[PDB]
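Single-letter residue listing:
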Amino acid sequence: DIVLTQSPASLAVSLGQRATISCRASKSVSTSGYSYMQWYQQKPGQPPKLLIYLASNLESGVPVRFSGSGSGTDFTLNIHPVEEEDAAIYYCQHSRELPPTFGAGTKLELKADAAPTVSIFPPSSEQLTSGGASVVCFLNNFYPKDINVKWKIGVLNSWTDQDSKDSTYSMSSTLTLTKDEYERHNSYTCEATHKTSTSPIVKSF
Amino acid sequence: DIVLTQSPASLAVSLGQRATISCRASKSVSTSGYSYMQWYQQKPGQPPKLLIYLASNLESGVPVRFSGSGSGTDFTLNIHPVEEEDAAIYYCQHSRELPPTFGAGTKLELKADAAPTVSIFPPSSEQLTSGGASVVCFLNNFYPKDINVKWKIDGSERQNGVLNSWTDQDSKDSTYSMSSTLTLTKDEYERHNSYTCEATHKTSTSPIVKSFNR
Amino acid sequence: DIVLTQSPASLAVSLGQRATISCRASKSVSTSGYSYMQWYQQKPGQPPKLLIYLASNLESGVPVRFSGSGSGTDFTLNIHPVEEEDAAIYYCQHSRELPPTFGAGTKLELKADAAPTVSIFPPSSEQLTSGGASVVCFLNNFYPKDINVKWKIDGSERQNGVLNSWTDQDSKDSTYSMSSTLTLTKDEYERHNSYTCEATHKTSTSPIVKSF
Amino acid sequence: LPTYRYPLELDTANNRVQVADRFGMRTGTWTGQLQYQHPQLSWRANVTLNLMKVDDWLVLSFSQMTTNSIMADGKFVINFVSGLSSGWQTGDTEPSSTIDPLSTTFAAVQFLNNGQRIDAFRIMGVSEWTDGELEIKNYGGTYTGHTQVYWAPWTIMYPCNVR
Amino acid sequence: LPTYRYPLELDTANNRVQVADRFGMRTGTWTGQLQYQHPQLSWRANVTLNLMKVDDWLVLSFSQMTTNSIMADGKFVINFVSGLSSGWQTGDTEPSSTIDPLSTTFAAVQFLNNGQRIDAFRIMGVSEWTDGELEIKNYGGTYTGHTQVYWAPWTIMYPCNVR
Amino acid sequence: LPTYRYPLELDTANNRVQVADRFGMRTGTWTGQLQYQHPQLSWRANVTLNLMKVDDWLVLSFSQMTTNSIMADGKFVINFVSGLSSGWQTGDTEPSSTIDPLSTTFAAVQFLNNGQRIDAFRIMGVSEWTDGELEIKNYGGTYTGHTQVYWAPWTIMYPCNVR
Amino acid sequence: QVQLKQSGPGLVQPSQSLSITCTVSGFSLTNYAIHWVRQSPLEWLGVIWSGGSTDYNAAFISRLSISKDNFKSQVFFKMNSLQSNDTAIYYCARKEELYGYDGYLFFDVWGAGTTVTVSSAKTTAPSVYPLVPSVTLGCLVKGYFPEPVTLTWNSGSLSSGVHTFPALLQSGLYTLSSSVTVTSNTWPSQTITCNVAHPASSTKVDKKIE
Amino acid sequence: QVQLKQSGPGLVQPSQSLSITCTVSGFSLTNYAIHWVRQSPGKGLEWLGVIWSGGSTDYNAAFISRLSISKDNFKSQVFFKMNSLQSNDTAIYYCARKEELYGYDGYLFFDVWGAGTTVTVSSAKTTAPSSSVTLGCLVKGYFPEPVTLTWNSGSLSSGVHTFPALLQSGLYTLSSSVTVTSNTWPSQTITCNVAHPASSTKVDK
Amino acid sequence: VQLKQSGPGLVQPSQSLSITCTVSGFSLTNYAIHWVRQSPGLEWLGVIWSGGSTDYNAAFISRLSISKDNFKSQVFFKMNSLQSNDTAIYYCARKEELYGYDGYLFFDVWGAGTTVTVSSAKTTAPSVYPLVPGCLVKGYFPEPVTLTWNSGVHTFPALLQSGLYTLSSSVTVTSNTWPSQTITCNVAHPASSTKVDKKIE
């Protein structure tokens, strides 16, 4: 049919720098001097919000920071002032053909750097009544996104999408152990090595 | 202390025609090149929303049409684009003295003309069980605001026990509404069978009347 | 016929630094405790204005910064406050003998460092009517004074026909400027396509280049 | 075969020695109560200050704030034992000299007196550092009887060579 | 064996590594129009400021100037996209942090009102830098109705670690 | 096997390259007579100011002092040819630029007139350095007729790249 | 939501204490000053500055007292002596406390107000009556307490084509009328319920058109 | 007020029909056309079908005979029905609305989007979920997705970090934590409630 | 107080170079007018004392003669048998004739001087061409040519190739400042007396 793919797939941009996303269409999406293109901003866990309709029109309530230019074959989206709010994924959509096709998507990351913060929590007493012991170690507001946590005595680690305002990722680690074998081990350690400092900031109980 | 007096008390302007409200102060509210005055739009039943801060400055979320200019002794605001939204009363307030005093309110009335609409409704059964019968007839979306309502019992008109309500000038519609209510005790309510409300207006000399008998 | 020779030939000093110029005489120019010596300030292209006459005497309208002291055989002048205005050449002259001969001149250059500025200009239409095309590349406010400009036209290297002009150290700016002009006849002027101006400098190894 | 001490570091990836990037700029924040001290008046206000480590200078950036009334003179004490953002230790705020003052700056203020704001200026000097407590003396300025002070933004810096 | 990144450099002539001389002091000038911005009043004045890069600090040196009247508050915008002297690029003025304010200083002024000069002061803070435009906020100060302002010389500096 | 120029030094004990400690902080004092100069009034006051060399900045730390009356404008001249503490040379106070002003600061003063002290501020700028004489211009400020001046502590600094 | 709500008795007896408490949800009271104004058929009475300082109207001193709690985000107004004259809707107003020269004696946002009526007569509970004849249905309330009544059609689901009439005072009781207009297809299809909650008589009546 | 709500089973067995009902409030159904778009991982946003105002329907070229759309205008409802779901169709489904004007708006775009329904095609049965200071709220073993957590009835929006789900063998793992000042915690009690659409439950321990 | 000199620019080998100096600052009957020649060293040739007395350089006697006019305040100096060795700018210098002990052989003021060239060649006029994004003149005999530009006025010395001199002038302004003000260059030749001020575009 009519497939379009934006470029690039993931874009790591610094603040106050214009970020250009290029969307290329198999066939000319522009007709009779009008270009039928749409751009969307998808918040984490929320439906996409329309940013730009046609070629140069900004949807109602969208800041001037967002701008797009292009003809049917190729379209570019530009944002010179990039604050923390624009941490979302961006898709390009065409209105020409009877079945409209959404773009692959570009992931935008506003760049900042900060040291991590480690917090350790013991298992629950109400969970102890259930018969399973699970310890959770929560690390909030760390950048870059890559941080590895090794637990030494069934280990699961999760990472939140890049924070909007803070612009620093967060991490959650959970491990589950049955009561009969939970008390068999007495040592509990949380380890978080980062790129900011080679030494790991660790809290243990 | 520091007294302010607005002019005029009531302002009749058509849409898109500038209505100018003048606020005059007992003493000059301007000091060192700055004018310390504020204007407010208080909608019916709502608290006043600040329109202009200091001199000629528009608050966030305020329409661009609203503008005021003036020196310390007296301040005037003129608004040439006047849409349906801005039909409320306006107050002027001064920030110079330690006790700030709001100016005399000025009432703005948007001008329109339209025929009236009358609606009649019988009393409620749950209210009749209470032991008092009260019938309410509402005439909506009529201009001018002046409408008279006559209550009749068995072809006999009685004004006692009647309460009437006029709504402040509508924002969007720009046509007033009217409520007429009359209360009669059950023992004497059923003695009369005829009930009519009549509202003669300036649009047509004939009265638009709706009556029910039951 | 008593001839004097200064030392040194050139003195390059920084602003606010004392510069001492020594003039040495074949015979004693002093008589009865009076020393007959004179110093002159010759601006670029202009005649010299007398600075100091006899021994340690300042001519009218001469700043206090300029001062000289010395006896008959040799005279030295030392100046601690040295601003931008005094960038000209200075000569020493003796008044004792009936024929006076000026000493060897010394040129002082105030030292600073700053990036160059290159400008390229195409040839004129009125010269084309004459039949010769000449393009001028102008380099202003460049320090150090040494700058080389190499011109290459359409991959053909010819050393003939290039002229470069240097201006004496600027008074206020105190940064030299350079102008280079080359002339080519109309018949052969259009035979070449590419024109490049190159300025490899001591401030930055990369050349600031403008082309037409 | 030599090693390198901070701010000099060896980039083993490219076999290059350079000055550390954080030496030029290292940001942070201190959240806590700014302590105003005077024999006849003392109060605490919740403040958050921006910190900048530039070379051997530590920059304190006070944002706009409204505080209680102050005397014609006074002391400001910032207790860095706690409240510093991640990566900062209390020792990182110790000045590199005992000279008093280390630096002085002027702060723009508004004195509120019976409904009138009076423009004035207030001088601030870095004077003492005791066990994580930074003492910023307020020598004086134009003054008037007032009920509360509105402080404009202002910055002050002093030499610090700790890290 | 290893190489050296600026401001560290290897003097091959003496086989010695040193800190670059320009790192200690790099002077320059910006020629252009100084933009004052306020909702009710805005003007442009031709000014020339001296610039010197000392370590990771950029210093702005304002000479004496006479400008049109100003409001009790305001912003000064210096557009570095053009006007810098030879050797300077627009990027060389970008601060090394986004903290607001980066630094504050006081400027001495005289307000002219019907033939009287009134001595007053203006607080100035480096607040914002956007694509070569430096925003210096004038938070406030002593004020009086006036026709034009006479500005004494004044300097302001903020951290900059760019080249 | 390269050598190292100040502030870079080789710690032969540990075979480690580092930045010299004195580069971050080098303290000192200048003892002498502070010269105030104005065509109609000139005086000399015995003062002792603290000096600290931090990176390429020389900081002058003036303690509180009481001086004779001054004009609405004036110049302050500090003669560094003598009076510096041990280890300091007169050349060590030479700025690294000729820009005027090098830096400006405000000084808090009290003018004494017929038994009343009037608070005022004084702008001071580093303007000139001539063969060891540092000239700090007092452009102006709020002023009133007075018999004596009380000066609050204040600091001023300018770029300096000498040992 | 940056919104502030205050709670207080609607009707106060003569020579009684009229006290209203203002609650802030969006702004920290340590940065804002909360003012107090009364609108009588607008008067500035007093202000509590951030930091606990209070300034009152010159002509109202010693009869009104204002206090605030910042840890609880509340501003408290208490008036001691009441007359027939001091009957008005009272409002609490907000001003930011910044160093800027914004001409600070102004009010940015206004709370709902508390309706203050000065009467020693007890609160009577309001009777809600539904009247039924595009079709229009009218709701009338008679015999109401001294506080006012907010009539809510479908719990505030529908606002267009709904006219509410101000209270009319008959024999020491207030009469309130409301009318709504809806399409003929709409009302017999979907149910419309009018709810009238009274704050002074602690009564909430949910009447249905049926 | 404009609101779009979708009601439908969260998890559908393989080869079953996913039917969702989208209801619009404030929008005139006679004035707006409601479309249907699904978000698939690796496949991207897919446009499936549209109901034009007045009942006319056009579907995705590749989805005909598997998709059917119907609406009722007097009740302000739009009915979405898919005939067969396979592991391929595990995706968030969205209903979007666009205005019907004569203007050349380049109409094949969506101004407003519903909240969407998370659809997982798993055969496994539904499982029931079980100066500063930080406590973590975790729910484990909830199939299908998602769990909606409202902390202190949504009193505070700042300082609330949510970590994405991790899939265990027959269980879903979600961990969430809040950081608040130590002085503030002892003042007011904090209750964490996590609502699951298949099991009505709010547990505040 | 100024003195003015008029004289031919170029003199052929073995020809006579005669320059006349006119004084406006002091009556020549009270001052002594000297003559000094600047060659690419500085050579002192002769002096006229007040009262019509002349003393010449020891090694330069037979070729230099100087005369003076008191009623018009003019001084005439003439050198015979010019050769390739002597090619240089000639200057008129004055010292006041006072009884004072200040060394009478120094010069207070130099009014004007003429540059003397020895090669014989016809007068050539330099067409001045203004480049626009500078005013340049090339190929004029004899040097120099007086160009008057309009800080920011840079003039480059002549370069002699095949009997011709090249003169360059430049002004620097910011690109935004370029279209605002016009600059006009006039180039006067002392042998041709022609000045062109035309500017293109």
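Residues numbered from 1 in each chain as written, not as in the entry; some residues may be left out. Chains lettered and ligands numbered in written order. Heavy atoms only, no water. Residues with missing side-chain atoms left out of burial classes, pairs and counts.

As deposited, the entry is annotated with X-ray crystallography as its determination method and 3.700 Å as its resolution.

### Quick word on the overall build of chain G
Along its length, chain G carries 0 helices and 17 strands. Viewed in the frame of its principal axes, chain G has a C-alpha envelope of about 60 × 40 × 30 Å. (Helix = DSSP H or I, 4+ residues; strand = E, 2+ residues; numbered from the N terminus.)

### Quick notes on the packing of aromatic side chains
When the centroid spacing of 5.5 Å and the interplanar angle of 45° are considered together, the rings of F121 of chain B and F138 of chain B count as tilted. On the criterion of sequence distance, the pair formed by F121 of chain B in the loop between β13 (117-120) and α1 (125-130) and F138 of chain B in strand β14 (residues 132-142) is long-range, its members being 17 residues apart. Ring-pair connections join several aromatic residues into one group, and the members of that group are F106 and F121 of chain D, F106 and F121 of chain E together with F106 and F121 of chain F. Just above the ring of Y36 of chain B sits the side chain of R96 of chain B; from NZ or CZ to the centre is 5.9 Å. Sitting over the face of the ring of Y150 of chain F, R117 of chain F holds its NZ or CZ atom 3.6 Å from the ring centroid. (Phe/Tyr/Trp six-rings, centres within 6.5 Å; stacked < 30°, edge-to-face > 60°. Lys NZ or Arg CZ within 6 Å of the ring centre and 35° of its normal.)

### Description of the sheet that holds strand β5 (residues 53-56) of chain I
Residue and element names in this part refer to chain I. Strand order in the open sheet formed by 5 strands is β5-β4-β3-β8-β9, with antiparallel pairing between adjacent strands. Across the chains shown, the open sheet's two edge strands, defined by having one partner strand only, are β5 and β9 (109-115). Pairs of neighbouring strands in the sheet enclose a mean axial angle of 20°, with direction left out of account. (Pairing = 2+ DSSP bridges. Axes fitted to C-alpha atoms, helices over the stretch in contact; angles between N-to-C directions.)

### Digging into the arrangement of the chains
Without any contact between them, chain B and chain F keep their closest C-alpha atoms 19 Å apart. Here chain A and chain G are not in contact; the least distance found between their C-alpha atoms is 18 Å. (Contact = heavy atoms within 4.5 Å.)

### Points about the interface of chain G and chain B
Of the residues lining the interface, 31 residues belong to chain G; the matching set on chain B comes to 33 residues. Those elements that place two or more of their residues in the side of chain G that touches chain B are β5 (43-48), β11 (127-131), β12 (135-144), β14 (162-170) and β15 (173-182) of chain G. With 5 residues, β14 of chain G is the largest single contributor of residues to the side of chain G that touches chain B. Residue composition of the side of chain G that touches chain B, grouped by class: 18 nonpolar, 10 polar and 3 charged. (Nonpolar A, V, L, I, M, F, W, Y, C, P; charged D, E, K, R; others polar.)

### Focus: the sheet that holds strand β8 (residues 74-79) of chain F
Residues and elements named next belong to chain F. Across the sheet, which stays open at both edges, the 10 strands sit in the order β7-β12-β9-β10-β11-β8-β4-β5-β6-β13 with antiparallel pairing between neighbours. A single partner strand is all that each edge strand has here, and the edge strands are β7 (65-68) and β13 (154-159). Neighbouring strand axes in the sheet, compared pairwise and without regard to direction, differ in orientation by 35° on average. As paired strands, strand β9 (residues 103-113) and strand β12 (residues 148-151) are joined by 4 bridges and run antiparallel to one another. Along β12, the bridge assignment pairs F111 with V149.

### Comments concerning unusual backbone geometry
At the junction of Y143 of chain C and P144 of chain C, the peptide bond is cis and its omega measures out at 5° in the coordinates. Among the secondary structure elements, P144 of chain C is positioned in the loop between β14 (132-142) and β15 (148-150). Note that the residue after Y6 of chain E, namely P7 of chain E, is joined by a cis bond; omega there is 5°. Along the chain, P7 of chain E turns up in the loop between β1 (3-4) and β2 (8-11).

### Digging into the pattern of salt bridges
A salt bridge links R65 of chain B to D86 of chain B; the shortest N-O distance between them is 3.6 Å. Of this pair, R65 of chain B sits in the loop between β8 (57-58) and β9 (67-70) while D86 of chain B sits in the loop between β10 (74-79) and β11 (89-94); the two residues are 21 residues apart in sequence, bridging distant segments of the chain. Linked by salt bridges that have partners in common, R65, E85 and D86 of chain A make up one network. (Salt bridge = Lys/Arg side-chain N within 4 Å of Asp/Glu carboxyl O.)

### Points about the pairing of β9 of chain F
Along a regular strand, successive side chains alternate from one face of the sheet to the other. Examined bridge by bridge, β9 of chain F and strand β10 (residues 116-130) of chain F share 11 bridges and lie antiparallel to one another. Along β10 of chain F, the bridge assignment pairs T105 of chain F with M124 of chain F.

### Digging into the environment of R117 of chain E
Residues and elements named next belong to chain E. As for its position among the elements, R117 is in strand β10 (residues 116-130). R117 sits 113 residues away from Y4 along the chain, and the two C-alpha atoms are 56 Å apart. Side-chain polar atoms of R117 contact the side chain of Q110, separated by 2.3 Å. (Polar contact = N/O pair within 3.5 Å; in protein donor to acceptor, adjacent residues only side chain to side chain.)

### Observations concerning the domain arrangement of chain G
Residues and elements named next belong to chain G. Here chain G is described as being made up of domain 1 (1-120) and domain 2 (121-210). Placing the centre of domain 1 and that of domain 2 at their C-alpha centroids yields a distance of 30 Å. Contacts between domain 1 and domain 2 engage 5 residues on the former and 4 residues on the latter. Here the side of domain 1 that touches domain 2 is composed, by residue class, of 1 nonpolar, 4 polar and no charged. (Domains from an automatic or database assignment.)

### Some words on the side chain of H146 of chain F
Residues and elements named next belong to chain F. Within the secondary structure layout, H146 lies in the loop between β11 (133-140) and β12. Engagement of the side chain of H146 in a polar contact is seen with the backbone nitrogen of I70, the distance being 3.0 Å. Of note is the side chain of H146, whose polar atom sits 2.7 Å from the backbone oxygen of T144. When sequence neighbours within four positions are dropped, the list of residues in contact with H146 reads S69, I70, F111, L112 and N113.

### A few points about the environment of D86 of chain C
All names here are of chain C. Here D86 is to be found in the loop between β10 (74-79) and β11 (89-94). Residues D86 and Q169, 83 residues apart in the sequence, show an inter-C-alpha distance of 10 Å. If we skip the residues at most four places from it in the chain, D86 touches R65, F66 and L108. There is a polar contact of 3.0 Å between the side chain of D86 and the side chain of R65.

### Structural notes on the state of the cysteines
Put simply, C23 of chain A and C92 of chain A are joined by a disulfide, and their sulfur atoms are 2.0 Å apart. Between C23 of chain A and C92 of chain A, the S-S dihedral sits near 75°, and the bridge is therefore right-handed. Of this pair, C23 of chain A sits in strand β3 (residues 19-25) while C92 of chain A sits in strand β11 (residues 89-94), and the two are 69 residues apart along the sequence. In this model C22 of chain G forms its disulfide with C92 of chain G; the gap between the sulfur atoms is 2.1 Å. Residues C22 of chain G and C92 of chain G are joined through a disulfide that is right-handed, its torsion about the S-S bond being 70°. For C137 of chain B, which is in no disulfide, the shortest distance to another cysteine sulfur is to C197 of chain B and amounts to 3.4 Å. (Disulfide = S-S within 2.5 Å.)

### Let's talk about the side chain of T93 of chain D
Residues and elements named next belong to chain D. Position of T93 relative to the elements: it lies in the loop between β8 (74-79) and β9 (103-113). Only 3.1 Å separates the side chain of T93 from the backbone oxygen of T90, close enough to count as a polar contact. A polar contact of 3.2 Å, which involves the side chain of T93, links it to the side chain of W129. With sequence-adjacent residues up to four places away left out, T93 is seen in contact with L58, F80, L84, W129, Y158 and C160.

### Description of the pairing of strand β6 (residues 67-72) of chain H
Looking at chain direction, β6 of chain H and strand β7 (residues 77-82) of chain H are connected through 6 bridges and run antiparallel. Pairing of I69 of chain H across the sheet is with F80 of chain H, part of β7 of chain H.

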